[PDB]
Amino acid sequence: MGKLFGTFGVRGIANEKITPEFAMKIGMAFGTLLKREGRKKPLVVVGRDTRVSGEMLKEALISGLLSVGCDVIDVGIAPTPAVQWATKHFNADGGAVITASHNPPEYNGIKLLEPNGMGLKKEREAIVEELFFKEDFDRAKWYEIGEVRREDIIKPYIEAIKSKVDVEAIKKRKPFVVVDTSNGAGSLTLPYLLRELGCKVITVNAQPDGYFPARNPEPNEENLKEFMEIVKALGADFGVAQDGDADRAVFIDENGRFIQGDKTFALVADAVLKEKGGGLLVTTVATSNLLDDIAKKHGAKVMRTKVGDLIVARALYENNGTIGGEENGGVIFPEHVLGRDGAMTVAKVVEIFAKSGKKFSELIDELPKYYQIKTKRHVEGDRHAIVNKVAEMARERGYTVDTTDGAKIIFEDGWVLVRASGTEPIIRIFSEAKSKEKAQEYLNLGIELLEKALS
């Protein structure tokens, strides 16, 4: 995936690409990097999700770390954001999460973390890859081999989230929430957090089980078809579903309607920015203008970064941003953890709901309305130079083009984005407007320029 790592960690099938030797070498390379950066005895936090191959890979990874002189805190099974939270909490020099997130049961992987818990920086990850391939490890002398201890972080993590919201307000309202944790790591946290916040809680698939009996742990609309019906059948105020490692949270309103991630992101940013009375919202060039509206509303600045994992988190961190998020939501609360944390998002949404005196559907529908369309066209060759041409033309034709990440034709009412995938031979086309008509027009405008660029 870039020789070793992908956008945020590496994954593959357990015992094929992701073997114990693989996990052990990753631990030895990471530990060696930590020592060469100037640490005599690094402290590394290690956690994992509910996958069946997790224990075996965790032992291999930890064995590697101890062998190169690093002390280890094994936090056991916990949501990825909890492991990131714990890395910062224990003042560790780094962290590692054994997980393949939303993938089928046979998959697993590893995510490395900075001392503050955020995804490992690319420059440091480059060194880890290099040490991994060369097997250039600084093995400890016998009397410098690291030690490992276990820490249970479930209660501390839940308490850290609760301290961030108005629990009395929530208990007063007593929202009725249904939650599906997809047999994942969130099974150990979200149901308990919701009850402690003061909610009436019903759960679906909340028994931790790496076999993922309910379904592959990916909360897309297709997979939640039954869950949505259950939300409506129970007459709950709303429903929430998480992916396997629980970094994501997907919301369903009282009518069983699947809510788009950017809407709950807007809902949370609105409350957060109002609280600070301004600040800085960080998101990508592909996120809805709805977020610009929320930011303006509170006099907050907006930063639009390229699309991709860790980019928003890194920008939030480097610019002391207030709140961050992306196209599909994935809200990042800087004061909590510099990483997407669906449990924190749910807590904040529960608080907003409890204070609104409205129905979940109303909170969503009351937000500025926008319409968007998407398309993907197969393109080979210098797929990227093709997008550059679309930009030139657009500009030549009098169009305002933003080339932060691809070709984004900017209108007053909306926009059109022509961006080339960084992995697959595709050059997707996204559009948004305040009406289906304009969205369609803008979309076609993009397709038009694309084709003439391909001829």
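Residue positions are given as counts along the sequence shown, with the first one as 1.
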Original post:
Hey, which bit's got the bigger mean C-alpha B factor in the entry, 148-156 or 358-366?
Top reply: 358-366
Original post:
Per the PDB record, is the mean Cα temperature factor higher over 32-40 or over 411-419?
Top reply: 411-419
Original post:
Highest Cα B-factor in the PDB entry belongs to which of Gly184, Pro175, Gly119, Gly308?
Top reply: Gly308
Original post:
For the listed residues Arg195, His89, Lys348, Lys232, which one has the largest C-alpha B-factor as given in the deposited model?
Top reply: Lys232
Subject >> Record-listed C-alpha B factor of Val10: chain third >> reply: middle
Subject >> Third of chain Cα B-factors occupied by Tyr107 >> reply: lowest
Original post:
Which third of the chain holds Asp138 when residues are ordered by C-alpha B factor: lowest, middle or highest?
Top reply: lowest
**OP:** Using the B-factors in the PDB entry, rank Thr80's C-alpha atom against the chain and give the third, lowest, middle or highest.
**Re:** lowest
Original post:
Among the chain's modelled residues, which third holds the C-alpha B-factor of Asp245?
Top reply: lowest
